[PDB]
Amino acid sequence: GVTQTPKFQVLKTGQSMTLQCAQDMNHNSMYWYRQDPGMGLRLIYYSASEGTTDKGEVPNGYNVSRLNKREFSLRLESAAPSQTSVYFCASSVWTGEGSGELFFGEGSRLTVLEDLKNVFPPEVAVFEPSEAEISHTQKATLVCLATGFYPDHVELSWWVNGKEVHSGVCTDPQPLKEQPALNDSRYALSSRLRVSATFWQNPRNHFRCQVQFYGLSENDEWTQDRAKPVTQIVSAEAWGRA
Amino acid sequence: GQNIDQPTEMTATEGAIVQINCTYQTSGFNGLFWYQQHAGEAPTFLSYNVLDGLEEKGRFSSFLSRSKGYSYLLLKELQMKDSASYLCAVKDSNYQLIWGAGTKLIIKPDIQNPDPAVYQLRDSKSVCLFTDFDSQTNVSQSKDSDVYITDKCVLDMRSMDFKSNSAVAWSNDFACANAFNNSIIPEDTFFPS
Amino acid sequence: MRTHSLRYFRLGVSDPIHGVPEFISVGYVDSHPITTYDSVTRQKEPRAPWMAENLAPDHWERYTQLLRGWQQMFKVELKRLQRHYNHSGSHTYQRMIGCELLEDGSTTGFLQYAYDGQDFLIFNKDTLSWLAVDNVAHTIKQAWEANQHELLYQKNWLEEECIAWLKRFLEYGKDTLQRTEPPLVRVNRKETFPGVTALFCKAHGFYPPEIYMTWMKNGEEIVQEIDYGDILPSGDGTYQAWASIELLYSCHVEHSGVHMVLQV
Amino acid sequence: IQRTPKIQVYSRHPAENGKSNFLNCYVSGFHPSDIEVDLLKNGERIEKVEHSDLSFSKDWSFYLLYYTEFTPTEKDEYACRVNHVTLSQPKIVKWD
């Protein structure tokens, strides 16, 4: 019962942002964490009860407001690239009681960039099963590729006859870096959809790889000739073949 | 408190058992917590221990030794869905949480009938697929830039009660025959012509 | 080392009359105040210089936040108790948590609650149960006993955490807590009501306040009526006490491993 | 159940006239906590009076100590004046 917004956000250095958090569990204590690769969760600020807040381990560059018992917002005064992280809001019934666990929100992915000029939506392509696989296993694997996107803000899903499937699917948990040596490397993501050869052989079966990209908003400034890399869906499709 | 140590990563086989250790050196102790965190998801509470002993919650067992300053999280009858990060956390004397850097748990599926092969796929409007290899096979990264290789992915064809391993490789000179040369590939890998 | 104790009290006051804080919380090591917090200052502060000198600022900062939350907890718990009793107006809610390190090295732990200055709930850390005085307390007992892990944390706090804090505080304040000021003792004789001779055995200037004072007759216990004075603070960190009888008599005084006899 | 305060008035050291000392007033065993304590010299409130903070007993009652530096004389009369919800009027307890 912890509601955190936004799920994704692209920021320019120096921009200000507020992360909202609300809990409807009648909890007294609220927390703001940041999660970074290769380290444990780090408390930014916390609020032991309504009417009080205090600094955590990494408060510099942030501030908070415990608006009421339900809400605890996190503010980035002047966003810095170092503030690119996964932010988690949490709550507990009380503080200063040993056994009390935390209840976490869904997380907020914040990417802070010097400029928005490297933000790109993905190109999506579906690769049809090899007949060699069909004749060797009686199974057919569809491969989907989401490439050249930046930042790493995507959700890939498979849609068969306009309905989302989960069985026979495996998507990379993490995108790879197209330019590993570059600090602002773009990304690529692959996914597999495996069906029976007979299901692939049926030409009335529709296969669509759908990639949701989280990029720029309406308020962001865009002057480049290429289309504004806004939050958008990019798909690729393939029909069943005998 | 000051330090919590837990392994960076653990791999074990489906149907088997894994014990995730957590050692702590803190300024007092008011309990130890275990949290499960699926990739891209929020952490969820698994267990709490403060006195000596072991407690069971389904297939998950949480033990604590106050004298030795350690805990373990034990999961029995390992399932694919157990692939996740496991976070260890201790409340010190002032109820402050000290977090371990987490343990990523990787489960090897039981490959009933291996059929190692590298297939070429072509765009609907190309990619190399290494699939159906046994779970002992490790897929290494590409030495050549402009050549991209994914790590191992397990798909589950639920209706057929079938699981298979695969890694995808693509580039812009490049051939499926050489695609996975940087990796120790099985000798009997089918390369169709 | 003699017996020593660590105690933290809470006082919650409903609808307080002008001047009384809604919440007060005070710590003690033996009879010495060590910490203070109230709903007016909203700050946890030291109350002994050896506490201020030996604990880093982060201690007071952190426990200030915790006590602001424990104050809110106490406010709401007292509201719920008043509703359970159908009580209006000003009522009091109290807690005492703590532990003792006995001279033999054994330990005790206690956690008790009171409502309007009377026993309400008593924790038993050996059976992990709460002892309730009436049906209202029984309702709270049922809710507190339903959370097994909180009972386990409480046992751990009283037996391990509380004793570890007490040992630290005992080292910090060793120059005051572990010192001994022997008693100044004298017997005073006086003819009071016609035909009555009164014997007063008076002690002062002693520290710690724990003292044993008895009147003996020919080497055995005085089965006659004995009056006792309270152990009173003299204001300089030392204490005073007395015992009196009426008409071979001897006053026996035991203090910090030393026995003293004053024969009349 | 309200408990009226126990009021004890005594000197720090065994008293002798002409010699500096401390006058103590120990007010204990009262419930609820709101209390008013004054030390008096010949009926008038003594200005420079020290006191401990409100203190807590295991039986849930409260105690306090009020004190002042004084030189007892044969003529001077000292007392401790206390008010509490249990009392209709302030109680003046003399130094014996």
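Because only heavy atoms are used, hydrogens play no part in the values below, and waters and symmetry mates are left out as well, while side chains stay in. Below, chain A is the first sequence line, B the second, and so on; all start at residue 1.
With a 4.5 angstrom heavy-atom cutoff, D:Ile1 touches chain C via backbone and side-chain atoms both. Neither the backbone nor the side chain of C:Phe120 comes within less than 4.5 Å of any heavy atom in chain D. Only the backbone of C:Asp116 has a heavy atom closer than 4.5 Å to any heavy atom of chain D. No part of C:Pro33 comes within reach of chain D, as not one of its non-hydrogen atoms sits under 4.5 angstrom from that chain. Contact of C:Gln118 with chain D is made through backbone and side chain together, with heavy-atom distances under 4.5 Å. For chain C, the nearby part of D:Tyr26 is the side chain; its heavy atoms alone come within less than 4.5 Å.
Counting all heavy atoms, side chain and backbone alike, C:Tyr28 lies closest to D:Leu54 at OH-O, 4.1 Å. Residues D:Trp60 and C:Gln112 share a closest heavy-atom pair of CH2-O, 3.4 Å. Minimum heavy-atom separation, D:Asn24 to C:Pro233: ND2-O, 4.1 Å.
Between chain D and the options C:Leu11, C:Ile17, C:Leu184, C:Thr238, heavy-atom pairs under 4.5 Å are most frequent for C:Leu11.
Atom OG in D:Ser55 sits 9.5 Å away from atom CZ in C:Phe9 (nearest 0.5 Å). Taking OG of C:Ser234 as the start and OH of D:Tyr67 as the end, the distance is 12.0 Å to the nearest 0.5 Å.
Put simply, the side chain of D:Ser33 does not reach to within 4.5 Å of the side chain of C:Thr92, judged on heavy atoms.
Heavy atoms from other residues, nucleotides or ligands lying under 6.0 Å from CD of D:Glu36 number 12 at most. Other residues, nucleotides and ligands contribute only 12 or fewer heavy atoms inside 6.0 Å of the CG atom of D:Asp96. Under a cut-off of 6.0 angstrom, the local environment of CD in D:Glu44 is sparse, with at most 12 non-hydrogen atoms contributed by other residues, nucleotides or ligands. Remark: C:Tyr212 OH is loosely packed, at most 12 non-hydrogen atoms of other residues, nucleotides or ligands lying under 6.0 Å away. Annotation for C:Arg179: atom CZ counts as buried by contact number, over 12 foreign heavy atoms lying within 6.0 Å. In C:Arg42, the CZ atom is crowded: over 12 heavy atoms of neighbouring residues, nucleotides or ligands sit closer than 6.0 Å. Crowding of C:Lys141 atom NZ: a count of heavy atoms from other residues, nucleotides or ligands under 6.0 Å exceeding 12.
Using a 4.5 Å cut-off between non-hydrogen atoms, the part of residues 6-14 of chain D that approaches chain C consists of D:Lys6, D:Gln8, D:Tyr10, D:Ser11, D:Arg12, D:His13, D:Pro14.
In terms of modelled atom types and a separation under 3.5 Å, the side chain of C:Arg47 and the main chain of D:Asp53 share no donor-acceptor contact.
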